[PDB]
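Participant: sharing an experimental structure here, sequence included.
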Amino acid sequence: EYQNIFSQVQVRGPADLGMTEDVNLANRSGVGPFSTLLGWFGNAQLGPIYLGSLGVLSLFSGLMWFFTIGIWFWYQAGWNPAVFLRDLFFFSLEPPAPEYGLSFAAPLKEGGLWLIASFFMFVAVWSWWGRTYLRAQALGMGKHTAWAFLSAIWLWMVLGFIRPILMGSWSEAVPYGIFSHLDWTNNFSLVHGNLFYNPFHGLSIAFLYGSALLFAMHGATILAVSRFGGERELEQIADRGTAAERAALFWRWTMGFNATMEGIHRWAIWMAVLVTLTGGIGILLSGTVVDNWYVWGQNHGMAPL
Amino acid sequence: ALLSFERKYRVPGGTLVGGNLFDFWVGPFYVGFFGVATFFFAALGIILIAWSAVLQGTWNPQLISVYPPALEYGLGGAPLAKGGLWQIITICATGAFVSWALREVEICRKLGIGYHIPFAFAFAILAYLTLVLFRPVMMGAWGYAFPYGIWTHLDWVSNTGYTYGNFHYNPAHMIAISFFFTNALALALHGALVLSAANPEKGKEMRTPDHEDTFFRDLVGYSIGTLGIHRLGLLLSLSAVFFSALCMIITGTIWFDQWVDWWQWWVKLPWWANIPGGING
Amino acid sequence: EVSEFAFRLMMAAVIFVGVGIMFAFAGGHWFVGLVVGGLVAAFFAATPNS
Amino acid sequence: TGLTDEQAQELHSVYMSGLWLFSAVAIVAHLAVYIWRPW
Amino acid sequence: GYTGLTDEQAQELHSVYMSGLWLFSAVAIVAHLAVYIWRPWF
Amino acid sequence: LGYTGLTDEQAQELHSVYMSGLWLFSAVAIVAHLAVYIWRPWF
Amino acid sequence: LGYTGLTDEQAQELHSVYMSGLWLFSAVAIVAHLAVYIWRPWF
Amino acid sequence: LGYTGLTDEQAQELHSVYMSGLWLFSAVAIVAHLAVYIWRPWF
Amino acid sequence: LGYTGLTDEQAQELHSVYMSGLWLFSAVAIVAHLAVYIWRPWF
Amino acid sequence: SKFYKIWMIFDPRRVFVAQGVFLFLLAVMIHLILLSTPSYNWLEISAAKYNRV
Amino acid sequence: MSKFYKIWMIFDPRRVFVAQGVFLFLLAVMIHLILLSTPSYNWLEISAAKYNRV
Amino acid sequence: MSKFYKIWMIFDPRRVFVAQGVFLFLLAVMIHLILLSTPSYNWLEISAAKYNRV
Amino acid sequence: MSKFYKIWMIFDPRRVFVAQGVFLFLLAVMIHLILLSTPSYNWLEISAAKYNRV
Amino acid sequence: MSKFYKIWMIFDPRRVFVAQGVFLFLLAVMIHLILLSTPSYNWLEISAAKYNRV
Amino acid sequence: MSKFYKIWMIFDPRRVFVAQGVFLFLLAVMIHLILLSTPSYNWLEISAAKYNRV
Ligand SMILES: CCCCCCCCCCCCCCCCCC(=O)OC[C@H](COP(=O)([O-])OCC(O)COP(=O)([O-])OC[C@@H](COC(=O)CCCCCCCCCCCCCCCCC)OC(=O)CCCCCCCCCCCCCCCCC)OC(=O)CCCCCCCCCCCCCCCCC
Ligand code: BCL
Ligand SMILES: COC(C)(C)C/C=C/C(C)=C/C=C/C(C)=C/C=C/C(C)=C/C=C/C=C(C)/C=C/C=C(/C)CC/C=C(\C)CCC=C(C)C
Ligand SMILES: COC(C)(C)C/C=C/C(C)=C/C=C/C(C)=C/C=C/C(C)=C/C=C/C=C(C)/C=C/C=C(\C)CC/C=C(\C)CCC=C(C)C
Ligand SMILES: COC(C)(C)C/C=C/C(C)=C/C=C/C(C)=C/C=C/C(C)=C/C=C/C=C(C)/C=C/C=C(\C)CC/C=C(\C)CCC=C(C)C
Ligand SMILES: COC(C)(C)C/C=C/C(C)=C/C=C/C(C)=C/C=C/C(C)=C/C=C/C=C(C)/C=C/C=C(\C)CC/C=C(\C)CCC=C(C)C
Ligand SMILES: COC(C)(C)C/C=C/C(C)=C/C=C/C(C)=C/C=C/C(C)=C/C=C\C=C(C)\C=C\C=C(/C)CC/C=C(\C)CCC=C(C)C
Ligand SMILES: COC(C)(C)C\C=C/C(C)=C/C=C/C(C)=C/C=C/C(C)=C/C=C/C=C(C)/C=C/C=C(\C)CC/C=C(\C)CCC=C(C)C
Ligand SMILES: [Fe+2]
């Protein structure tokens, strides 16, 4: 009857400081508090966190980005805490107006402060990518996380930097707001015909649904075979046990083919990087090559015409 | 035919309906009672799709569409060429899905594993049934369901969304999208981490789960663990699908207006309703 | 038999509904009831009695 | 099953005593209300 | 006893709890008397 | 009793100092209420 | 008793310096409020 | 008592240097405010 | 101290080099500001 | 007519907590229903009696 | 109340006291909010009206 | 007072003092915000009306 | 009175100091923002109006 | 006063100095931004108006 | 100046130098962007205006 969804007994010992492969231990912190809720679901220990030079860079730039957007929101609220709470999710930093193009001459109230915040955010995100690469390297691991993050960065860069330059205007970029960037996506789909008829939109949606499908499948399988110690997959790769065998046989008797304890993770990483990569391509194509996706679909056998 | 380790697991037991009857394999597949049922329903649905394509007059697989009955039929039968085929295909699709889930249960109990996978699949079946059965039945007609076509069910999505203005102002929609995005992020991170531990720098030994724990503790200051990450993936996927089903079931049944107008209850709270500043003032 | 956690969750749900209606009447808005009831219900359910 | 028969007897007796006290207060309250405004 | 707390401890705890409840009720009674003098609701 | 570990004398002394603090806080509140009631009464 | 752990003679000196800081902070606050009230009273 | 591992002498010298830095910073800020107030008083 | 391990002499020499760098950077900044102010004053 | 065996079947703490919550919630809902009705709203009829409004 | 301390040997006093304090505060806040809702007993509006504070 | 000193046999002083501080501050803020929300007793607006600040 | 120092045997001084500093700064900022948002006591605007800056 | 130096036997000077630097920079940036957003005290626009730069 | 060299007995110079470099570069870029954002002080646009580039 136990479904292994929540832990039923929770044990604590000395905190684990981690490995020392070639990490600079002076740049680590201490262990944080233990948390019983996280212990119910997963691990209870918090920390230690590594903070080196790239971490200082990322923290400074991201803090400045968050602070710039927040101070703009406070200016819009009239420095009123009540108005700030009420109209939160309604404030936004807008990019420059279309008349200014790509120029950096737009005023602070119009689009200059958006440019400042965007510079801060660009630096923060690229330094965080460098941090993921260097943290993988210090421990001697492969850089799979860095390249998957690079896929995500590719979509972010297309949305905020690459497509506005190809279109020749900063006004093409995304505002910094909660409802405002949602309105931005709706207007983007409306201006460019119907984004449903962008085929790379369709591929991106296929791979998003595929991520949900695959990782429900995989989480359920690991939970189902965890009675045999299936969740310790790194040693099921080195020493195949009955858990991996039973998982493979379930999926082979069900859908005709199966995976390994490592090939399934290759499937996983590719299924997610593909959603973000195809999305980047589809957004870059919108407006620069196709200005009306429904008409493109009519010309390409996708709409009745 | 068999995997190098498959032979010892193929034993006579664990069926739900029938006994030694239907207790055999066809190639790699296991075909029980519900295997036969699944095959029948799926083949019938696929042939009926092809026959609907014949009726419609198109052979382009991207233009084939099977439409539900018009609103004038309500929740009753329709002529085959004018909505009856859609109803038959819906019954076949439901039967195929439910028989697939029951076949998976039979495989689970033949292999001695838990039934997490059929439960997770049942969540998706319930989302499909929400879109095709529960919401049309509450709304009063089969024509509120979506058509069976590659690019026309996207037309259904577009029209249904734009009936209520901009659709990602629906709150449960916001929750479902957040869960979907978080799930894709978690899947990418998990696959990358496992691969990087199993495939280190060239000439290195394999890493251990301690190295993975250390990698994410160095990166973000917290590691959820292996059991934790698999529980998280299952729950993120299921919560995404559950909240999508909810946001659709409340859409044409309780709500009827633009959702951006729903968000005005927060703005019109009595203690800041009339303060003159900001966006809504 | 039912677990102590399960009993806490049943009684937390009924307390949530009760206090929610209670403070949605007391306050002018249903959001006040939702906030107060959800806070009380979370506190009640997070502390099993065994 | 954690209680014995004696313990159950005593618990039930005290609980009924309290319940009858509560009912008595409810009776006098209902009578006061009915005198104040009959229904 | 589920708590394991003995009879004399229960009696003493109940006596002090009753004294506190009486003090609380006396304060509430005088508050109601003052408000009734100010604005009767009957 | 053994719930917290404080003995009888410790609990008594702790309550004495706590009551001192409570009365100081109450006296400040009473003066504040008197000032506000003089300025703009609510009765 | 000291749950965090400080001798009574450590606690007394920590409280003495804390009172010094509190009184300095509050005196600066009184002067600021006096200046603001003279410039623009709120009563 | 010395939760940081600093003795009385180390703390006194540290505080002396920190006070010197604070007073330098405050003098610069005071001069900046004086210049701005002469340029554009806010009262 | 034991925080970093530099001795008094090492720290003094390090601070001398750091201050030379700071004064060079500030001199360049002052020259730039003087040029800009002659070209376009902001007061 | 024994009826004391309910303390056998269920834990007394669960019984006490459940019935206390139920009784308090029921009394509160009855009071809210009385306040909602134009009659028996003792505050409003008190205002009408003494011409408060 | 011949013998009611049995509830004290059944219930852990810490939990009972926490629940009682939370419950009493909530009940008082509720009655106050109800009185503030009704214009007849909103003592702030009563004071504003009888002192001509508009 | 009479016998209340024994509450500390039951409740840990750290928990009680933290909860009490949070409760007192939130209560004070709530009462202040209620007074600010009424057009009367809003000491900022009534001082502006009294001295003709607008 | 005269024995409040014992609070430091109950509370860790550094945790209290951090919480107190954060609390005081947040309170001060909140009050300053409340005064800025009011048309009265917005010192920048009233200084601009007095000296004819606009 | 004379006895404040003992704050350093409680707080680590390194952590305090880093938090203090971040706090001071963010406070200064916020005040400069507040002045810039104000029509008056926007020194750039004031100099633009005085010298007829536009 | 007086005794500030002891700062290097408290802080690791590597961390200080990296933090200074990051802070100084980000601040300089922010100020330059603010200057480009003002219609005055945008050296490119005003050179264009004074030489009739556009
Ligand atoms: C004719 C047209 C069709 C073209 C193709 C047709 C040809 C036939 C089919 C070919 C398909 C083959 C697919 C098989 C690949 C699988 C290989 C693999 O997974 O393992 C092997 C190998 C490592 O295996 P391993 O056993 O795990 O190694 C362990 C190591 O010991 C230790 O680990 P490590 O340190 O060595 O590194 C581990 C990592 C390492 O693998 C890598 O190093 C990948 C390098 C990053 C990707 C390169 C783009 C970056 C930009 C260039 C700048 C850097 C270049 C230099 C890279 C440094 C390499 C030294 O391995 C991984 O598994 C990572 C998987 C996730 C990678 C996702 C990368 C997405 C980045 C998004 C970029 C977006 C910008 C442009 C988008 C497109 C523009 C329109 O990984 C790879 O080789 C990855 C290949 C990267 C593919 C890039 C994507 C192509 C996108 C094109 C989309 C279609 C175009 C349509 C649009 C057209 C517009 C006009
Ligand atoms: C009316 C609205 C339009 C529409 C307009 C758009 C537009 C416009 C876009 C999409 C995009 C996408 N849409 Mg669409 N979309 C519609 C209908 C749908 C439907 C549906 C059932 O109807 C579905 C399922 C989807 C699904 C999808 C996704 C597959 C895809 C986004 C991938 C992603 O993860 O982005 C979210 C992820 C990112 C943006 C990457 C972020 C990475 C960076 C590095 C993160 C930085 C974080 C920052 C530092 C955070 C600080 C955080 C703190 C540390 C906590 N759309 C309709 C037709 N959609 C995108 C796309 O690629 O399309 C091709 C896109 O741009
Ligand atoms: C819409 O409906 C409206 C609101 C109009 C009306 C509806 C109304 C209702 C439903 C009202 C319900 C009112 C009730 C149910 C009130 C009950 C109030 C109670 C239960 C009060 C008890 C107060 C008791 C108090 C403060 C006890 C204080 C005890 C204090 C110290 C004693 C602590 C115990 C100790 C010290 C002993 C120490 C330990 C040992 C071991 C000796
Ligand atoms: C919306 O509501 C509005 C805004 C309208 C008004 C509502 C308002 C409220 C609810 C306001 C709250 C006001 C309060 C309650 C303010 C708190 C004021 C206090 C109590 C401030 C504390 C001041 C104490 C200060 C700065 C301490 C200075 C202390 C020191 C330096 C301590 C030194 C300690 C040391 C050095 C180490 C020595 C160690 C040894 C061993 C000797
Ligand atoms: C919206 O609200 C507005 C913005 C309108 C107004 C609200 C305003 C507020 C709330 C303003 C708050 C202002 C505050 C709270 C200011 C505190 C400013 C401080 C505390 C400044 C400290 C200056 C101290 C400075 C730079 C440090 C000088 C320190 C030194 C050089 C460090 C040397 C110490 C040493 C080296 C180590 C010695 C080593 C040995 C071995 C002896
Ligand atoms: C909206 O806000 C606006 C932008 C309008 C205004 C806001 C403004 C603010 C808040 C501006 C604050 C600006 C600040 C805080 C500037 C601080 C500037 C400093 C303090 C710069 C220090 C520069 C120091 C520099 C270049 C020196 C680096 C020194 C070196 C390389 C020298 C080498 C030292 C060595 C090598 C050790 C080797 C010796 C041995 C024995 C190993
Ligand atoms: C009291 O609260 C305080 C004030 C303390 C802080 C609270 C703050 C708030 C309320 C912060 C609001 C944060 C929000 C609401 C952020 C919205 C973030 C979103 C949702 C962004 C959504 C899409 C953004 C996208 C794609 C950005 C893409 C950006 C880029 C690639 C960066 C491009 C970099 C470049 C443009 C400009 C190039 C110029 C130079 C000099 C390199
Ligand atoms: C409109 O009306 C609304 C709707 C807003 C709500 C209406 C009404 C209500 C429900 C108001 C609530 C009023 C209440 C119930 C207030 C509670 C006030 C209390 C309980 C105040 C306690 C003040 C006590 C204070 C400051 C004591 C602090 C004590 C200390 C310094 C002394 C501690 C020092 C010590 C302990 C060392 C201990 C000794 C050793 C040996 C360790
Ligand atoms: Fe896994």
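Facilitator: Ah, there it is. Residues are numbered from 1 along each chain as shown, chains lettered A, B, ... in the order given. Ligands and ions are numbered 1, 2, ... in the order given.
Participant: does the residue positioned nearest the centre of chain D sit in a helix or strand, and which one?
Facilitator: Geometric centre of chain D, nearest residue: residue D:19, 1.7 Å, by Cα atoms, centre = their mean. Per DSSP states H and E, residue D:19 falls inside helix D:5-36.
Participant: which elements pack onto that helix?
Facilitator: Judged by 3 or more Cβ pairs under 8 Å, 6 or more residues apart in numbering or on different chains; DSSP states H and E, helix D:5-36 is in contact with helix J:6-9, helix K:6-10. C-betas here are computed from N, CA, C, even on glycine.
Participant: could you check the angle helix J:12-36 makes with that helix?
Facilitator: 10 degrees (axes from the mean of the first three to the mean of the last three Cα atoms, to 10 degrees).
Participant: how about the residues of chain B near chain C?
Facilitator: B:265, B:266, B:269, B:270 (Cβ under 8 Å from any Cβ of the partner chain).
Participant: mind giving me the PyMOL select for those, buried ones only?
Facilitator: The buried residues among the residues of chain B next to chain C can be selected in PyMOL (16 or more other Cβ atoms under 10 Å in any protein chain shown) with this line:
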select buried, chain B and resi 266
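Participant: select, out of the helices and strands packed on helix D:5-36, the one closest to chain I.
Facilitator: Each of those has some distance to chain I by Cβ to the nearest Cβ; the shortest is helix K:6-10, at 55.5 Å.
Participant: which SSE is the closest residue to residue B:156 other than its chain neighbours in?
Facilitator: Take residue B:156 and drop its neighbours on the chain: the residue closest to it by Cβ to Cβ, 6 or more residues apart in numbering or on different chains is residue B:146, 4.0 Å away. Element membership of residue B:146 [criterion: DSSP H and E] is none; it lies in no helix or strand.
Participant: doesn't residue B:158 make contact with residue B:146?
Facilitator: No - with contacts counted by Cβ atoms under 8 Å, residue B:146 stays clear of residue B:158, the gap being 10.9 Å.
Participant: neighbour count: these two, which is higher?
Facilitator: A count of neighbours by other Cβ atoms under 10 Å in any protein chain shown puts residue B:146 above the other of residue B:146 and residue B:158, at 19 against 16.
Participant: tell me the contacts of that one?
Facilitator: Neighbour list for residue B:146: B:68, B:131, B:132, B:153, B:156, B:157, B:160 [criterion: Cβ atoms under 8 Å, 6 or more residues apart in numbering or on different chains].
Participant: please, a PyMOL command that selects the buried ones among the residues you listed?
Facilitator: Those of the contacts of residue B:146 that count as buried under 16+ other Cβ under 10 Å are selected in PyMOL with:
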select buried, chain B and resi 68+131+132+153+156+160
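Participant: just put the contacts of residue B:146 in a markdown table and tack on secondary structure.
Facilitator: A markdown table is the format used below for those (DSSP: H, G, I helix; E, B strand; the rest coil):
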| residue | secondary structure |
| --- | --- |
| B:68 | coil |
| B:131 | helix |
| B:132 | helix |
| B:153 | helix |
| B:156 | helix |
| B:157 | helix |
| B:160 | helix |
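Participant: before we move on, back to that, if I look at the residue nearest to residue B:156, how far off is chain K?
Facilitator: Going from residue B:146 to chain K by Cβ to the nearest Cβ, to the nearest Å gives 47 Å.
Participant: next: residue A:238.
Facilitator: In terms of Cβ to the nearest Cβ, residue A:238 sits 50 Å off from chain K.
Participant: from the contacts of residue B:146, which single one is nearest chain M?
Facilitator: Among the contacts of residue B:146, and counting by Cβ to the nearest Cβ, the member closest to chain M is residue B:160, at 42.6 Å.
Participant: now do the contacts for whatever residue of chain D ends up closest to chain B.
Facilitator: Residue nearest to chain B within chain D (Cβ to the nearest Cβ): residue D:1, separated by 32.2 Å. For residue D:1, the contacting residues are residue J:8, by Cβ under 8 Å, 6+ apart.
Participant: show me what from chain A comes close to chain E.
Facilitator: Of all the residues in chain A, none lies near chain E, going by Cβ under 8 Å from any Cβ.
Participant: the nearest residue to residue B:42 once chain neighbours are set aside - how many residues pack around it?
Facilitator: Nearest residue to residue B:42, sequence neighbours excluded (Cβ to Cβ, 6+ apart): residue B:96, at 4.7 Å. Residue B:96 has 21 neighbours, counted by other Cβ under 10 Å.
Participant: what of residue C:1?
Facilitator: With other Cβ under 10 Å as criterion, residue C:1 counts 3.
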